[PDB]
A.B. asks: 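Sharing a structure with you now.
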Amino acid sequence: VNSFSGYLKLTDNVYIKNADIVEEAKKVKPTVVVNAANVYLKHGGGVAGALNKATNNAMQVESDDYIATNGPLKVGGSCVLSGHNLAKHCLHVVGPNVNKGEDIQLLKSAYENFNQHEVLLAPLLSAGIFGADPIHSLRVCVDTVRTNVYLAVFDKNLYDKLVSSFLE
Ligand SMILES: CNC(=O)c1c[nH]c2ncnc(N[C@H](c3ccc4c(c3)S(=O)(=O)CCC4)C(C)C)c12
């Protein structure tokens with residue numbers, strides 16, 4: 001039903017809110033929820049762990065069956081799988097993990113996957129323990145994504161820093 005509320009409008013297609021992506025999925029019932037995935041789809045911690053736990057492990061079971069038959073994704077790539085109880089679909093996107101030495105230029109390719117969907121609920125790619133500069137990730141999102149993207153950032157200080165930096 002894509003009923004998003006309480007978002008700040010940054011540009012004509014990019015919105016942001018201080019919220020847990022899981023709670024937004026439950027309230028919004030979006031067509032697509034983006035997962036900040038890794039190449040073998042191991043959803044242990046962070047955003048991926050929160051989304052998986054909210055599906056009572058159904059996401060990990062489905063992802064293990066996908067990997068068994070298809071092998072790992074590439075950095076910058078994506079995979080559409082079921083969204084289970086959280087959304088119609090889950091778009092698993094692999095952004096670069098710069099804390100593990102992966103190339104930050106691939107963050108543009110990671111965001112380009114969003115353009116295949118008219119509207120998406122998403123986290124800020126490569127932020128948190130992946131180590132990319134969050135202000136840079138927001139700039140790449142704004143410059144690359146043309147479809148409607150609703151970013152949920154679950155940290156008040158980071159959300160406030162992003163909004164202030166964007167409005168500079
Ligand atoms: C541990 N719980 C969470 O991180 C979240 C749960 N629910 C969430 N909704 C939104 N953002 C969340 N987190 C943010 C974040 C955004 C991107 C990425 C990560 C973490 S990561 O550390 O999982 C690595 C992969 C990329 C941080 C920056 C506030 C959570």
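Atoms considered below: every heavy atom in the structure, side chains included; atoms not considered: hydrogens, waters and symmetry mates. In this chain, residues are counted from 1 in sequence order.
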A.B. asks: Ignoring hydrogens and geometry beyond distance, is a side-chain donor-acceptor pair present between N52 and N57 at under 3.5 Å?
C.D. replies: yes
A.B. asks: Report the distance from atom CG of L124 to atom NE2 of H136, rounding to the nearest 0.5 Å.
C.D. replies: 10.5 Å
A.B. asks: Could you tell me whether the side chain of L51 reaches within less than 4.5 Å of the side chain of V22, counting heavy atoms only?
C.D. replies: yes
A.B. asks: Looking at CG of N85 and NZ of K29, how far apart are the two atoms once the value is rounded to the nearest 0.5 Å?
C.D. replies: 11.5 Å
A.B. asks: Spell out, as yes or no, whether a donor-acceptor pair under 3.5 Å connects the side chain of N2 to the backbone of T31.
C.D. replies: yes
A.B. asks: For residues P30 and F4, report the shortest heavy-atom separation together with the two atoms involved.
C.D. replies: CB-CZ, 4.2 Å
A.B. asks: Do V98 and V93 land in one hydrophobic cluster if side-chain heavy atoms of ILVMFWY residues count as linked below 4.5 Å?
C.D. replies: yes
A.B. asks: Shortest non-hydrogen contact from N99 to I129?
C.D. replies: ND2-O, 3.0 Å
A.B. asks: For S109, is there any backbone N or O sitting under 3.5 Å from a side-chain donor or acceptor partner on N113?
C.D. replies: yes
A.B. asks: When you compare the side chain of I135 with that of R139, does any pair of heavy atoms fall below 4.5 Å?
C.D. replies: yes
A.B. asks: Checking side-chain contact (heavy atoms from CB on, under 4.5 Å) against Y159, which of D155, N157, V163 comes through?
C.D. replies: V163
A.B. asks: Can you confirm whether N70 is buried at CG, in the sense that more than 12 heavy atoms of other residues, nucleotides or ligands lie under 6.0 Å from that atom?
C.D. replies: yes
A.B. asks: Measuring from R146:CZ to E112:CD, what's the distance to the nearest 0.5 Å?
C.D. replies: 5.5 Å
A.B. asks: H117 vs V34, test: side-chain contact (heavy atoms from CB on, under 4.5 Å). Steps then yes/no.
C.D. replies: CA-CA 11 Å; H117 302 277; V34 171; over 6 Å; no
A.B. asks: Is there side-chain contact between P123 and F154, with at least one heavy-atom pair below 4.5 Å?
C.D. replies: no
A.B. asks: Determine whether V33 and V119 fall in the same hydrophobic cluster, where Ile, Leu, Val, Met, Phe, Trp and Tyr are linked whenever their side-chain heavy atoms lie under 4.5 Å apart.
C.D. replies: yes
A.B. asks: So, do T55 and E62 sit near enough that their side-chain heavy atoms are less than 4.5 Å apart?
C.D. replies: no
A.B. asks: Which heavy atom of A25 sits nearest to which heavy atom of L121, and what is that distance?
C.D. replies: N-CD2, 3.5 Å
A.B. asks: Here's a test for you: under side-chain contact (heavy atoms from CB on, under 4.5 Å), which of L120, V145, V149 qualifies with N115?
C.D. replies: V145
A.B. asks: For the residue pair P134 and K161, establish whether any side-chain heavy-atom pair is separated by less than 4.5 Å.
C.D. replies: no
A.B. asks: If I compare all heavy atoms of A48 with all of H43, which pair ends up nearest, and what's the gap?
C.D. replies: O-CB, 3.6 Å
A.B. asks: Got more than 12 heavy atoms from elsewhere within 6.0 Å of NZ, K17?
C.D. replies: yes
A.B. asks: I need the minimum non-hydrogen distance between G95 and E102, along with the two atoms involved.
C.D. replies: O-OE1, 4.1 Å
A.B. asks: Please step through side-chain contact (heavy atoms from CB on, under 4.5 Å) for the pair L138 and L151, ending with a clear verdict.
C.D. replies: CA-CA 9 Å; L138 180 57; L151 296 166; 3.6 Å; yes
A.B. asks: With ILVMFWY side chains joined below 4.5 Å, transitively, what does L106's cluster contain besides itself?
C.D. replies: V39, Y40, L41, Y66, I67, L73, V75, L81, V94
A.B. asks: Parallel, tilted or perpendicular: which one describes the rings of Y15 and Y7, with boundaries at 30° and 60°?
C.D. replies: perpendicular
A.B. asks: Do you reckon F166 sits in the same ILVMFWY cluster as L107, going by side-chain contacts under 4.5 Å, direct or chained?
C.D. replies: yes
A.B. asks: Determine whether a donor-acceptor pair (N or O, by modelled atom type, separation under 3.5 Å) exists between the side chain of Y111 and the backbone of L125.
C.D. replies: yes
A.B. asks: Grouping I, L, V, M, F, W and Y whenever their side-chain heavy atoms are under 4.5 Å apart, do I21 and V14 come out in a common cluster?
C.D. replies: no
A.B. asks: NZ of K108 to OG1 of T144: how many Å apart, nearest 0.5 Å?
C.D. replies: 6.0 Å
A.B. asks: Taking atom NE2 of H84 and atom CG of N56, what is their separation to the nearest 0.5 Å?
C.D. replies: 11.5 Å
A.B. asks: Report yes or no: do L158 and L167 belong to one cluster of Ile/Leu/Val/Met/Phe/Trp/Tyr joined by side chain heavy-atom distances under 4.5 Å?
C.D. replies: yes
A.B. asks: Which distance, rounded to the nearest 0.5 Å, do you find between the CZ of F114 and the CG of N13?
C.D. replies: 11.5 Å
